[PDB]
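*Asks:* Sharing a structure with you now.
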Amino acid sequence: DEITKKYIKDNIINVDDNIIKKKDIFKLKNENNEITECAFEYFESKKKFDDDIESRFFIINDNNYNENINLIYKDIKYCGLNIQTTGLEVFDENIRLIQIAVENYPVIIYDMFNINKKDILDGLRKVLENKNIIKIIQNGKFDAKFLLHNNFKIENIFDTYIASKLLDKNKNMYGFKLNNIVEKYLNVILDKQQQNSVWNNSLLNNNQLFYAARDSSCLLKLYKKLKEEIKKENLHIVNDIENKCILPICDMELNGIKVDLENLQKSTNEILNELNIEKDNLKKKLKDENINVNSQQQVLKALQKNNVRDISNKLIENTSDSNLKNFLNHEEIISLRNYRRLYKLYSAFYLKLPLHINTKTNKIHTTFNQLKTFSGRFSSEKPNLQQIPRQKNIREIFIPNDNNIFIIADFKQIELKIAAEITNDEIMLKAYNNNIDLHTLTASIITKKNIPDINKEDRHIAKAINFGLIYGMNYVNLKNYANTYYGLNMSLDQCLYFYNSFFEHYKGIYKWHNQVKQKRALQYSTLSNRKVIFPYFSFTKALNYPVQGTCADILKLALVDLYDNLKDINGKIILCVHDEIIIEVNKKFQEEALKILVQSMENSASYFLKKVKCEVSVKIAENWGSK
DNA sequence: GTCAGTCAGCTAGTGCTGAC
DNA sequence: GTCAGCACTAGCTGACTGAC
């Protein structure tokens with residue numbers, strides 16, 4: 001229809017009219033700092049949107065490109081960047097539209113499908129790469145990933161999702177989408193009724209482009225309000241850290257971690273054979289060939305039929321992991337426990353990994369999220385890295401890329417050091433000034449032995465108790481904590497003596513406990529001023545939030561510094577799980593990489609913590625499970 | 001020849017029970 | 001706290017009797 005193809009030359013298909021091609025004379029400065037009059041083509045909705053946000057937009061395709069459009073970018077301080085894509089996955093999908101929003105101008109839409117003169121994107125490249133231009137993005141991780149994968153470089157960034165998430169102080173989990181944020185702050189409904197319209201088509205209809213335009217112009221108003229809201233809340237440090245840490249997360253997701261297919265196959269074969277053998281052994285032991293082991297009720301019934309009892313001559317009524325410890329005086333239960341371990345390991349890692357492995361590159365790629373965790377630490381999904389077993393044999397599957405070598409660095413006692421810093425415990429700080437671990441010190445006070453005489457087992461008990469009592473556990477739960485996660489049986493009187501001895505000397509932590517318990521505050525702040533406001537008081541989380549948040553801040557600062565300091569030797573930041581950072585570097589630059597990693601981690605530690613001095617243990621690893 | 005009354009397999013949901 | 005895996009209990013949906 002002649003109505004519908006009015007603007008086909010610029011790849012626009014009319015749906016319900018509501019589109020006009022209008023030209024007006026603009027006033028722009030020249031490269032010689034001289035105002036120049038230029039005529040531009042911009043489209044407009046025939047029906048004015050009820051809100052005050054802009055809806056004008058240029059479209060820049062192969063034909064319509066005008067060289068003078070690059071002058072908008074000059075002498076700016078913020079610009080709104082949003083990109084539309086055919087699908088979610090970065091590897092299987094391209095970028096359809098790039099949008100730029102410069103204040104008091106329409107939104108410039110670059111149609112990458114109808115762009116072939118590579119000088120077109122030069123202005124986009126320079127506005128993206130400039131470090132003096134605060135690019136505003138919504139959900140910066142997704143857009144940054146798509147841009148980096150296609151040879152673009154984007155340097156500065158300001159994500160409205162991070163600002164909104166931090167400002168809410170973890171009040172609500174859901175929300176924090178573009179429509180919700182704009183409604184909450186600027187009092188406007190974006191009418192996001194586009195139900196994921198088909199983007200693959202070369203031709204794009206009016207509603208899609210206009211909805212994409214209001215998603216870019218609305219970011220500048222959010223920038224203005226969120227900047228002031230953050231400034232009034234003293235959240236600028238953590239916001240800056242998160243914004244600059246967006247890009248390292250994109251690097252980690254893009255590069256991934258390679259899996260040795262041959263070793264994975266060998267381990268899977270061996271583990272399946274071991275599972276079959278143990279299953280057969282249990283089958284003979286349970287004396288029921290038809291028995292299915294996985295049925296929890298059925299194994300309970302079978303063990304009941306076996307009539308094995310307790311030390312109290314009590315029949316088993318539960319196969320809880322700790323209840324198995326109470327019933328260990330038989331070969332049956334040993335076989336059952338071994339089978340449970342093998343089954344969980346097998347069907348949780350070995351049979352699940354092949355789905356995640358991309359046969360195109362034979363690498364595992366993760367989806368890192370940086371503010372879903374309450375404490376602030378990174379959380380992985382799709383493949384859950386923290387759920388990967390941490391035993392030696394399982395991790396060896398992960399190898400570096402061909403012709404490379406891993407560097408692995410991990411903090412030591414970052415929680416305990418941060419606790420010492422915040423609580424200002426004099427004895428801990430005077431201890432760490434002379435390089436003695438707080439596990440060794442805790443063991444020394446517990447066992448009354450001299451420092452050189454401390455063994456490894458005392459260090460283990462210290463490892464238990466320091467974590468136990470530095471997050472405000474009542475001494476009753478110390479027994480459960482030590483037994484369950486470390487296996488050390490303990491008596492209540494021993495727990496009482498340990499509690500008294502621990503809080504008699506480390507005075508600072510006692511003062512911290514007293515203050516936090518007395519105030520019963522509903523709001524807490526970390527050393528990066530990451531504020532959280534709970535619904536109701538909880539002593540455990542009240543004690544746990546500051547140290548964990550500060551540890552997350554230290555890791556994020558380390559990644560931000562590392563991503564800038566590793567660009568010379570072209571090292572990839574691969575993963576960051578727990579207090580551990582992994583970088584892959586070419587085999588020549590091993591020494592330089594080690595120095596860079598250590599320096600970045602130490603500087604990050606020294607930025608927030610001042611009294612103490614963190615240390616990092618770095619080992620060059622052939623495989624992630626190296627020595 | 002035909003329709004009730006009762007016998008079920010199937011699918012869901014909840015109950016309950018375990019570890020990464 | 002998240003997660004799968006299974007009895008058990010229930011309600012439904014066709015087929016095997018039961019009939020005057």
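The chains in the structure tokens are called A, B, ... from first to last as shown; in each chain the residues are counted from 1, and the ligands are counted from 1 in the order shown.
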What residues in chain B lie within 10 Å of chain A, counting only C-alpha atoms (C1' of nucleotides), written as a ChimeraX atom specification?

*Replies:* /B:16-20

*Asks:* Suppose we keep N, CA and C atoms (P, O5', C5', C4', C3', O3' and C1' of nucleotides); can you now write the selection as a PDB file, in the first residue's frame?

*Replies:*
```
ATOM      1  P    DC B  16       4.067 -34.021  56.346  1.00  0.00           P
ATOM      2  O5'  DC B  16       5.488 -34.656  55.988  1.00  0.00           O
ATOM      3  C5'  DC B  16       5.560 -35.969  55.442  1.00  0.00           C
ATOM      4  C4'  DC B  16       6.928 -36.253  54.840  1.00  0.00           C
ATOM      5  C3'  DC B  16       8.113 -35.607  55.561  1.00  0.00           C
ATOM      6  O3'  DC B  16       8.702 -36.539  56.460  1.00  0.00           O
ATOM      7  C1'  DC B  16       8.356 -35.650  53.149  1.00  0.00           C
ATOM      8  P    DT B  17      10.025 -36.161  57.284  1.00  0.00           P
ATOM      9  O5'  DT B  17      11.206 -36.593  56.302  1.00  0.00           O
ATOM     10  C5'  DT B  17      11.100 -37.795  55.540  1.00  0.00           C
ATOM     11  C4'  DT B  17      12.087 -37.788  54.394  1.00  0.00           C
ATOM     12  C3'  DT B  17      13.509 -37.413  54.796  1.00  0.00           C
ATOM     13  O3'  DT B  17      14.357 -38.521  54.665  1.00  0.00           O
ATOM     14  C1'  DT B  17      12.851 -36.340  52.761  1.00  0.00           C
ATOM     15  P    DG B  18      15.794 -38.509  55.371  1.00  0.00           P
ATOM     16  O5'  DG B  18      16.255 -36.973  55.265  1.00  0.00           O
ATOM     17  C5'  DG B  18      17.611 -36.622  55.040  1.00  0.00           C
ATOM     18  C4'  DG B  18      18.045 -36.948  53.621  1.00  0.00           C
ATOM     19  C3'  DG B  18      19.354 -36.298  53.188  1.00  0.00           C
ATOM     20  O3'  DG B  18      20.258 -37.300  52.745  1.00  0.00           O
ATOM     21  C1'  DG B  18      17.515 -35.619  51.747  1.00  0.00           C
ATOM     22  P    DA B  19      21.721 -36.929  52.199  1.00  0.00           P
ATOM     23  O5'  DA B  19      22.022 -35.474  52.785  1.00  0.00           O
ATOM     24  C5'  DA B  19      23.306 -34.888  52.571  1.00  0.00           C
ATOM     25  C4'  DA B  19      23.604 -34.778  51.089  1.00  0.00           C
ATOM     26  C3'  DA B  19      24.718 -33.814  50.719  1.00  0.00           C
ATOM     27  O3'  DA B  19      25.461 -34.311  49.605  1.00  0.00           O
ATOM     28  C1'  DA B  19      22.557 -32.940  50.078  1.00  0.00           C
ATOM     29  P    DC B  20      26.958 -33.795  49.317  1.00  0.00           P
ATOM     30  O5'  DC B  20      26.748 -32.551  48.334  1.00  0.00           O
ATOM     31  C5'  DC B  20      27.870 -31.926  47.721  1.00  0.00           C
ATOM     32  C4'  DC B  20      27.421 -30.892  46.702  1.00  0.00           C
ATOM     33  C3'  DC B  20      27.898 -29.470  46.972  1.00  0.00           C
ATOM     34  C1'  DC B  20      25.538 -29.481  46.597  1.00  0.00           C
TER      35       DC B  20
END
```

*Asks:* Residues of chain C no more than 8 Å from chain A, counting only C-alpha atoms (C1' of nucleotides): send them over as an MDAnalysis selection string.

*Replies:* chainID C and resid 5:7

*Asks:* In Å, how far is it from CA of residue 601 in chain A to CA of residue 564 in chain A?

*Replies:*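 Answer for the CA of residue 601 in chain A to CA of residue 564 in chain A separation: 12.6 Å.
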
*Asks:* So that I can check the secondary structure, give me every residue of range 38-190 of chain A assigned helix (DSSP H, G or I) by backbone DSSP, as a PyMOL selection string.

*Replies:* chain A and resi 67-73+112-114+122-129+140-149+160-167+178-186

*Asks:* If you count only C-alpha atoms (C1' of nucleotides), which residues fall within 12 Å of residue 7 in chain B, apart from same-chain ones fewer than 6 positions away, as JSON, numbers by chain?

*Replies:* {"C": [14, 15, 16, 17]}

*Asks:* What separation in Å, quoted to one decimal, exists between CA of residue 7 in chain A and CA of residue 21 in chain A?

*Replies:* 8.2 Å

*Asks:* What is the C1' of residue 1 in chain C to CA of residue 374 in chain A distance in Å?

*Replies:*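 That distance, rounded to one decimal, is 12.6 Å.
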